[PDB]
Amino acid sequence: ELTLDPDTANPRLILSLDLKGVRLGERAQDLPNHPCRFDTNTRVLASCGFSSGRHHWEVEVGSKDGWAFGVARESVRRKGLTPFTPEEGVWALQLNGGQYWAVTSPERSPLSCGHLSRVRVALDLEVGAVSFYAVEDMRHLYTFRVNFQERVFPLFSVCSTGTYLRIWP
């Protein structure tokens, strides 16, 4: 079962005791500045990364703005303020401005998917794709087709208070 990796987490994030949930806190924790820790962007990775095969996990999503989640290439930049874009190696859905988005670039792609509660992520490192489905009916939300060239990690980001993400098993 997937858990969030506290050594990668931006020190403003608050992880749940069971390491499944993340929200944004009001104060930066005093944590060691490991090279793998996101020091500015509000991100955390799961402790498990994948180099081959096909993998599923599910993410319970808050109803309000502030979250983005999906996958990141391991080489995603951790230090300084970085763009949240496919070019930086993040492939994600996002709730922002009251709208669900696939975070394409240079312009995001608005999704007309209706309300989301929990999303199944399907990562395929054999063919090269990451897909998102709303669990109530498995309707397709978005697929990024990517020739991944390194290990890929589940990615979570929460940039405002009042929302959350939770790995659901």
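The numbering used is simple: start at 1 and walk along the sequence shown.
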- Query: Which wins on mean Cα temperature factor, 33-41 or 131-139?
  - Reply: 33-41
- Which has higher Cα B-factors on average according to the PDB entry: 46-54 or 113-121? 46-54
- Task: Can you pull the Cα B-factors for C159, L17, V22, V152 from the entry and say which is highest?
- Result: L17
- Of the three thirds of its chain by CA temperature factor, lowest, middle or highest, which one includes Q99? highest
- Query: When the modelled residues of the chain are sorted by Cα temperature factor, does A28 land in the lowest, middle or highest third?
  - Reply: highest
